[PDB]
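> Sequence and experimental coordinates follow.
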Amino acid sequence: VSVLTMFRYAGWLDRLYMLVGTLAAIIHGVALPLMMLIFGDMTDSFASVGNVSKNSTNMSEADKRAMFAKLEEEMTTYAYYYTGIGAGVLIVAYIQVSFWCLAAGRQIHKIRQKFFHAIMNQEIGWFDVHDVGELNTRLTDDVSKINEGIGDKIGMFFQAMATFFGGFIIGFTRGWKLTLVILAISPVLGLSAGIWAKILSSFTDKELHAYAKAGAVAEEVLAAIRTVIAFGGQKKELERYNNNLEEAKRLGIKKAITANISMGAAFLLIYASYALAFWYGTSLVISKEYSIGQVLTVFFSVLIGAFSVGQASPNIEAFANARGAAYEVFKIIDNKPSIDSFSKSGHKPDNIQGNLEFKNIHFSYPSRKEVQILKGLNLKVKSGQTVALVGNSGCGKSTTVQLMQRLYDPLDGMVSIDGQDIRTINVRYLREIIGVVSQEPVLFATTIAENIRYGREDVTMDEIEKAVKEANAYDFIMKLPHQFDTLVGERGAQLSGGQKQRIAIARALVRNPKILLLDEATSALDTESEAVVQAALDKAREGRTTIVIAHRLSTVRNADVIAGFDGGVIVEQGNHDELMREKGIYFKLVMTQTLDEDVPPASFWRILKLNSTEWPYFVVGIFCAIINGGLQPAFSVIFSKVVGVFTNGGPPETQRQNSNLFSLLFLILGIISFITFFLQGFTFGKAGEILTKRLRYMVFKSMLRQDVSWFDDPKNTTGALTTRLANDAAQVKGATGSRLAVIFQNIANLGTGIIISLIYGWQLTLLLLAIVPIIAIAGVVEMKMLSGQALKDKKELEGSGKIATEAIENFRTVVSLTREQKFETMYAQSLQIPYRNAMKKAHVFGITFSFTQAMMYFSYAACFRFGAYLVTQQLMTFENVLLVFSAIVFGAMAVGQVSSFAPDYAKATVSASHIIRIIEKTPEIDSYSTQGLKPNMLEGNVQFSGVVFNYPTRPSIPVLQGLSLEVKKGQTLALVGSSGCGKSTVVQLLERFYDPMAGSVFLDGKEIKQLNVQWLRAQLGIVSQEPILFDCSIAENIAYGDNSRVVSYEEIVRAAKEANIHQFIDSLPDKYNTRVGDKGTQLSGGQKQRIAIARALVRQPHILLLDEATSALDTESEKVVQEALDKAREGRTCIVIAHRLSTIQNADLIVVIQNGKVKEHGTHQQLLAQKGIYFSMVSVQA
Ligand SMILES: CC(C)[C@@H]1NC(=O)c2c[se]c(n2)[C@H](C(C)C)NC(=O)c2c[se]c(n2)[C@H](C(C)C)NC(=O)c2c[se]c1n2
C-alpha cells in the first residue's frame, strides 16, 4: 500500500507500459537459460560426432557423410539458435530499458512539481522546524533515489526471473531427478558459499566501523593553525594517535581484509567445492545412468541461476532504499498538512479600509513548551495612524507584528483587521493587503526591474519608476550602470544594505497595501543612510495605516501612539508625552538610551614511482599474484579437459578420468587459490598499511612545516584538509593494490590466454581476440555515454535546483506570497527542458544496452559456428572449443578485474596526485640558522624599513605601501589606523608570516628576513582578537611547550600570577588540572585571553604583540586585562595595536598609520596638538 502503491503511483499508459516492458524482461532472463539448453543440444550432437570420430578405425566415407551431415545440421541449429535468442534479446532489452525511464521518468517529473509546490505550501512550518537547507537537499537527493528505485527495479524483475525460470526450466525439465542431483548438490553448495561469505563479509563491515573510530581518534583538532605556528608544531601527538589506532585497526581490518581475501578464498574454495560435487556427482550420473556428457547443460545452467539471485539482490536493495526513504519523505511530500494557513479561496474583503484589532490574544511559538509570549494582548489601532511598538528584551513585539500577517495563528483570542477576523479573510488577498518590510532587505539574483516585478507581477516600468521614485531610489539606480535592468550579482551581495532595504520598500510599495509594518527595517544600518531610509518610510506611510517596531525612539517620536513592550509585557500606550509624563517604561527606556578542489596537473607513472618508494618491497606480492593469473587459466583448461575426455575418448577409465580431473580442478583451484589469495592478502595488505600510515605522517608534517599564504590565507579549510588526510592516504593504498592486480590479470589472461592461444587452432585465436577487444570497447563506451548523460543531466537539473533553492531557502517570499506558483512555474520551465531531454536519453540507454546484448549472442554464435566449421571425416574442429572458453572467459577475467578490487584507479590517482604535490610542498621556514641568538640580541628595537607588502592576492593593491616604523626597547609602541588590515598585517610581518614585497625589519640589529625564523618566533608575545587553545589541561595550555620549554610548574604558576587568571586557578574543581573542558566551551574570553597572556609571559617574550587584544569584553575583565597587560609590558618592548582610542594615551609612541603609509606619530597630546587625523579620532571618540 502507501509504501509500495503510493510509491508506484500515477500513470495510465505509464503503468501499462510499465507492465509490458516488464514482460519483456522476464522473457529475457528466461532467454539466457533456454540459452543453456541450446548449450546442451549442440554439445550433445557434438559429443556423438566425438565418439563416431573417436571410433575411427573403420569406414572413412561413412565418416565423411555422418560427420558432415552433423556439421551443416548443427550449423543450421546454430543460426536459428542465436538468431532467435539474439534478435529477441535486442528487442526485449530495449523495451524494458524504456520501462525504467519513461515510467520512472514521467513519474519523477510529476513527483517533482508536486514536491516543489508542496514544500512551498507547508507554510510557517518550513520555518517552524526543518533545517531548510536540509529540506531542499533531500528534494534533489530523495527524488533521485526514487527514480533509481523504479529503473533498477525493472532490472530486478528481469534477473529475478532469469534465475527463477532458469533454475526451474533446466533444473527440472532436464533431469527429472538428475536435474535434481543438481538441485541437491548445486542449491546446497550455493547455500554454503553465500552463507559463510556473508557472515564474514558482515564481520568485514564491523571492521569498517572499528576502522572509522580509529580514524577520528586519529583526526583531532587541526584548525587554529595560525596560533599553532606562533607555537611551532605538535607533530608527535598527531602521529601518536594517528599510526596508533591506524596500525591497530589496520592489521586487524587487514585481518578481516585478509579474511575477505579469506572470503574470496572461501568463495573460490567453496566454488572449487562446486567443481567437486559438480563433476563428481556428474561423473557417476553420466557414466552409469543418464549418459549424455550433456548434464553439464543443466547443472552449469541452474548454477547460473543462483547468480541471477545475487544480482537480483542488489537491484532489490535499490528498490528498497528508493522505496523507503522515498515513500517516508514522500509522506513528508504528498502530505497536505496546510490548514494553519493555505493559498486557496477564502473570504474576500473588498471594503478596502479598516482598523487593526488585537482582542485578548494569547500566543506561544510553535515550539510547544515555549512560554506564551503573548499572555493575552489587547491593542487596537485606528486607520491612517502611525502606531509604534517599543521593546528590547526580545520577543513579543515582532511576534505580534507577525501575527498581523496571519503568519502563525493565535493560541487564543482574536485579531480583527478592518472590522472582520483576519483568520476569516482570504490569505493571499490578506497578505497582499499587507505590505511589510522586515529588516533584512532580502533581494534576488535578478534585475531590480525584477525584484519589483516580484513585488507585483503585471506592472509597467512606468509604475515601477514612480515606485522606486517614491521609494526614493530613482537616483542611485540611474547612476548605477545598466539602469533598472541591473542585476544583483549572485544573491543580494553587491549594493549597500541601505539601498537594498530601499528597493524592498519600492517593492512592497508597488504592492501598495493599506496596512504597513516595519520590523525595525531601519535597524542594523549606519546613521545617514538610516535617516534617508526613514524618510522613505514616511513618504510611504501616513497614506496607509501603519505599525512599526523600533529602538530608534527618535523615529518613534512622531508616533501617533506608542505601545509599551519589553520581551513580552503589554503596558503603557498613548502619545509620546503621555508615556514620558508616565515616568514608566517608554519614558524609562528613552532615558536609558539617552568544498571544491579539483586540480588538472595529474601524474603519469609519477605516482607509481612515488608508489614504489612508499613501498619497501613485496615481490612476494606480485609473485603470488602472477601465479593466481596462471590459476585462472588453469581452471579454464581443467574444465576443457574434463568435458573433453568425457565427451570424446576411450570408454574404460572414463571414471578415473572424471574422478581425477574433478579432484584435480578441486585441489587445484581451491587450494592454490585460498593460498594465492590469503598470502597476497597479508602482503599487499601490509603495503596498504604502512603506506597509509607513513603517508599520513609525512603529509601532515609537510603541512606542519608548511604555512605562509597556505593557512594564513587559505581557500583550504580544516575539513578539506583533514579529509585530504583520510581519503588520500586510502587512495594511494589504492595505486599500490592496483598495480598489483594489474600485472596479475595481465600475465594471467595475456600470458596464459596466449600460451593456450598457441595450443589453439588459429581460428579462435584471431576471431576471438577480435571479439574480446570489440565487446570490451563496447562496455567502455557504454559506461562513458551513461556517465556523460548523468553529468550533463545533473547540470540542467542543477540550474533548476539552485533557483528552487533561492526560493525555499528564502521563504521571505511567502512574505508577499505573490509568486509561490509563479516560482514553481518558472521551475516547470527549467524542468520541462530536462524532461523532454529525459525521454530522449531514456531511448538512448535503451539502444545502448540492447546493443550490448547484441554483441553478446552475436559474438558467441559466429564464434561457435565458425568453430565447428569443417568436421567432415574428422577435421581440426573437435573438443578444443573449450579452449575457446579459455580465451573468451579470460576476457571475462579482465572484466572481473576492472569491475572488482581496488577503486577504478581514477580517483585513487587523483587523491594520489593531490597528496603528493602537497607532501612535496616548499617548506618556506623551518630549521635554518640566520643568527645564533647571541647573548646580545636581548634588545628588541624593532625596525621597519620600506615595509611594502600585500598577502598573496597582490592584485588587491598592497595594504602596506612604502611603510617604515620603529620601536625602541622595553617600551610601548602604540598603533592606530583606519580598521581591519594594516595593524594585523604589521604584527604578522614581524612574525614574518609573509616576508614583505620590498623592505625588511631589524629586531634590534640583524635583518629579520634573514634572521632565524624559528627563534624570531621564540621571542614573541602575540595576543590577537579571537583567543584559542586546544583541549588540553590549562596547566598544559599555560605551560605552552613552545620548544624545550619543559612544563615548568613554578614557572606556569608565575604565569597565572601575572596573567591574572590565578583567580580561577585557585579554586575551580581540580585547580590547575582543569582541562579546557569540551574543547574550551566552558569559559569567558577574559579567562581564555588571560591564559593567552599566561602563554605570552610564560614564554618571557622580549616583544609583545597586542592585536586589539580585548575588543569584545567588559568590566574587571577589560580592567584586569589592561593591568596584567600593564605589568606584563613596560618590562619589555611591546607593540600595542588596537581600537582603544581610550587607553591608547598611555603609550610611549602612538603611531597613526593610514593603510599603506604612516601619517602621524608621537606623544598623545602632541598628536592632538596636530589637529586633524589623530585629532578627529579623539573627537569622533567622544
Ligand atoms: C562478473 C561475473 C563474471 C561474476 N564474477 C565475479 O563477481 C568475480 C569476482 Se572476483 C572473480 N569473479 C574472479 C576473476 C578472475 C574474474 N573469478 C574467479 O576466481 C573464478 C573462478 Se571459477 C570462475 N571465476 C567462473 C568463470 C566462468 C570465470 N565464474 C563464474 O562462474 C561466475 C558466476 Se557470476 C560471476 N562469475
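Alright, I've got the coordinates. Numbering: from 1, shown residues only.
> domains of the protein?
1-175+293-339+785-863, 178-289+615-762+870-924, 356-593, 1022-1100 (automatic domain parsing).
> Tell me which residues touch residue 156, please.
Contacts were defined as CB atoms under 8 Å, 6 or more residues apart in numbering; by that measure residue 156 touches 312, 315, 316, 318, 319. (Each C-beta comes from the backbone N, C-alpha and C, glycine too.)
> Which of these fall in helices?
312, 315, 316, 318, 319 (DSSP state H).
> Distance of the closest residue to the ligand within the chain relative to residue 745?
Closest to the ligand within the chain is residue 896: 2.0 Å, counting by CB to the nearest ligand atom. Here the criterion is CB to CB, to the nearest Å. By it, residue 896 lies 8 Å from residue 745.
> Neighbour count: the two, which is higher?
Neighbours per residue, other CB atoms under 10 Å: of residue 896 and residue 745, the larger number sits with residue 745, 21 against 17.
> And that one, how far from residue 895?
Residue 745 is 9 Å from residue 895, by CB to CB.
> Also residue 667?
27 Å.
> likewise residue 88?
Residue 88 is 24 Å from residue 895, by CB to CB.
> How about residue 27?
Separation of residue 27 from residue 895 (CB to CB) stands at 25 Å.
> Within range of the ligand, give me the residues from the chain.
268, 271, 307, 632, 635, 889, 892, 893, 896, 899, 900 (CB under 6 Å from any ligand atom).
> Reformat those residues into a markdown table and put distance to residue 121 and secondary structure next to each item.
Listed next are the residues of the chain next to the ligand as a markdown table, based on distance: CB to CB, whole Å; DSSP: H, G, I helix; E, B strand; the rest coil:
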| residue | distance to residue 121 | secondary structure |
| --- | --- | --- |
| 268 | 57 | helix |
| 271 | 56 | helix |
| 307 | 48 | helix |
| 632 | 60 | helix |
| 635 | 62 | helix |
| 889 | 57 | helix |
| 892 | 53 | helix |
| 893 | 56 | helix |
| 896 | 51 | helix |
| 899 | 46 | helix |
| 900 | 48 | coil |
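> Please pick the buried ones from these.
268, 271, 632, 635, 889, 893, 896 (16 or more other CB atoms under 10 Å).
> How about the first one, nearest residue that isn't a chain neighbour?
Going back to what we said before, that points to residue 268. Setting aside the residues directly before and after it, residue 268 is nearest to residue 673 in space (CB to CB, 6 or more residues apart in numbering), at 4.2 Å.
> Helix, strand or coil: sort out the residue nearest to residue 1120 when sequence neighbours are not counted for me.
Nearest residue to residue 1120 in three dimensions, chain neighbours excluded: residue 1060, at 4.6 Å (CB to CB, 6+ apart). Secondary structure assignment for residue 1060 (DSSP: H, G, I helix; E, B strand; the rest coil): coil.
> residues contacting residue 1060?
Taking CB under 8 Å, 6+ apart as the test, what residue 1060 contacts is 1090, 1093, 1120, 1121, 1123, 1124.
> Show me these that map onto helices.
Short answer: the contacts of residue 1060 in helices (DSSP H) are 1090, 1093, 1120, 1121, 1123, 1124.
> which of those residues are buried?
1090, 1093, 1120, 1121, 1124.
> out of residue 27 and residue 895, which sits in the busier spot?
The neighbour count for residue 27 versus residue 895, taken as other CB under 10 Å, is higher for residue 27 (19 against 16).
> Doesn't that one belong to a helix?
Yes - secondary structure of residue 27 (three-state DSSP): part of a helix.
> Nearest spatial neighbour of it, chain-adjacent residues omitted?
residue 92 (5.3 Å).
> That neighbour and residue 32 touch, don't they?
No - look at residue 92 against residue 32 with CB atoms under 8 Å: they stay out of range, at 11.4 Å.
> ok, the nearest residue to residue 321 once chain neighbours are set aside - contacts?
Nearest residue to residue 321, sequence neighbours excluded (CB to CB, 6+ apart): residue 145, at 6.1 Å. Residues near residue 145 by CB under 8 Å, 6+ apart: 321, 322, 325, 326.
> Can you give me the distance of residue 755 to residue 980?
Taking CB to CB, one finds residue 755 at 74 Å from residue 980.
> Apologies, that question was intended for residue 346.
Applying CB to CB to residue 346 and residue 980 gives a distance of 52 Å.
> And these two? Which one has more around it.
Of the pair residue 346 and residue 980, residue 346 is the one with more neighbours under other CB under 10 Å, namely 15 against 11.
> which residues in the stretch 951-1100 of the chain form strands?
966-967, 972-976, 998-1002, 1022-1023 (DSSP state E, counting those that start in this stretch).
> ok, residues contacting the third one?
Going back to what we said before, that points to strand 998-1002. By CB under 8 Å, 6+ apart, strand 998-1002 touches 941-949, 963-964, 989-990, 992, 1007-1010.
> again, only using 7 Å
942, 943, 944, 945, 946, 947, 948, 989, 990, 1007, 1008, 1009 (CB atoms under 7 Å, 6 or more residues apart in numbering).
> In TSV: those, plus neighbour count and distance to residue 259.
Converted to TSV, the contacts of strand 998-1002 look like this (neighbours: other CB atoms under 10 Å; distance: CB to CB, whole Å):
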residue	neighbour count	distance to residue 259
942	21	63
943	16	66
944	21	64
945	17	66
946	16	66
947	25	63
948	16	63
989	22	57
990	20	57
1007	14	61
1008	24	58
1009	17	58
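> Closest one to residue 703 out of these, please.
residue 989 (22.6 Å; CB to CB).
> coming back round to it: which one of the ones in helices among the contacts of residue 156 is nearest residue 211?
For these, the nearest to residue 211 is residue 318 (25.4 Å; CB to CB).
> how near is the residue nearest to the closest one when sequence neighbours are not counted to residue 320?
Nearest residue to residue 318, sequence neighbours excluded (CB to CB, 6+ apart): residue 152, at 3.8 Å. For residue 152, the distance to residue 320 (CB to CB) stands at 10 Å.
> More neighbours: which of those two?
Here residue 152 and residue 320 are compared on neighbour count by other CB under 10 Å; more neighbours surround residue 152, at 19 against 12.
> Now do the same contact list for residue 278.
If a contact means CB under 7 Å, 6+ apart, then residue 278 has residue 299 as its contacts.
> Just say helix, strand or coil for residue 1129.
coil.
> now residue 304
helix.
> how far is stretch 29-37 from where the chain is centred?
In terms of CA atoms, centre = their mean, to the nearest Å, the centre of stretch 29-37 is found 43 Å from the chain centre.
> Wasn't residue 827 part of a strand?
No - assignment of residue 827 by three-state DSSP gives helix, placing it outside any strand.
> Isn't it up against residue 804?
Yes - between residue 827 and residue 804 there is a contact under CB atoms under 7 Å: 5.9 Å.
> Next, show the common contact partners of the two.
With CB under 7 Å, 6+ apart, residue 827 and residue 804 have common neighbours residue 116.
> Looking only at neighbour counts, state which of those two leads.
Applying other CB under 10 Å to residue 827 and residue 804 shows that residue 804 carries more neighbours, namely 25 against 20.
> helix, strand or coil for that one?
helix.
> same question, residue 1176
Residue 1176 ends up helix, using three-state DSSP.
> now residue 794
Applying three-state DSSP: residue 794 is helix.
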